[PDB]
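Report on the following structure.
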Amino acid sequence: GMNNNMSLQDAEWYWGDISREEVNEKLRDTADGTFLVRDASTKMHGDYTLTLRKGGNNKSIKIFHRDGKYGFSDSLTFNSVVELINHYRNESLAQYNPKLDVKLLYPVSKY
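Residues 1 to 111, numbered by the authors' numbering, are exactly what the sequence shown covers, in order.
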């Protein structure tokens, strides 16, 4: 069973550029529970940062562009453009808690 696993383009929204068309429009059309990494400009707000709605409000776990850095906003500087997008925590019930959880079921596929 020779299975050659090229493990990127895994996340459903993944252009490199999804802003307003999902951040504002799927906030209104699917309500709450929707994973989407948002391409804002550098002097504006979160420049390709992780955004989702989770029981009403916005649970944004990465902050700003900063290379693309996995874990939390402290002293690391850099990591990836797949660990930040979807790896155990960034597209799962395991984002907050896998047994308790809230709302996270509608990732916006190529939009």
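Ideal Cβ placement from N, Cα and C applies to all residues, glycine included.
With 16 other Cβ atoms within 10 Å as the buried cut-off, status of residue i
i           : result
residue 25  : exposed
residue 108 : buried
Inter-residue Cα distance where the pair is residue i and residue j
i          : j          : result
residue 65 : residue 6  : 25 Å
residue 11 : residue 50 : 12 Å
residue 78 : residue 70 : 7 Å
Which of helix, strand or coil DSSP assigns to residue i
i          : result
residue 89 : coil
residue 17 : coil
residue 66 : coil
residue 27 : helix
Chain-order list of residues whose beta-carbon lies under 7 Å from that of residue i (same chain, five-residue window excluded)
i          : result
residue 93 : 101, 104
residue 83 : 70
residue 30 : 106
Own chain partners of residue i with C-beta closer than 8 Å, once the 5 adjacent residues on each side are dropped
i          : result
residue 36 : 13, 18, 22, 23, 26, 51, 52, 107, 108
residue 54 : 32, 33, 95, 96, 102, 103, 104
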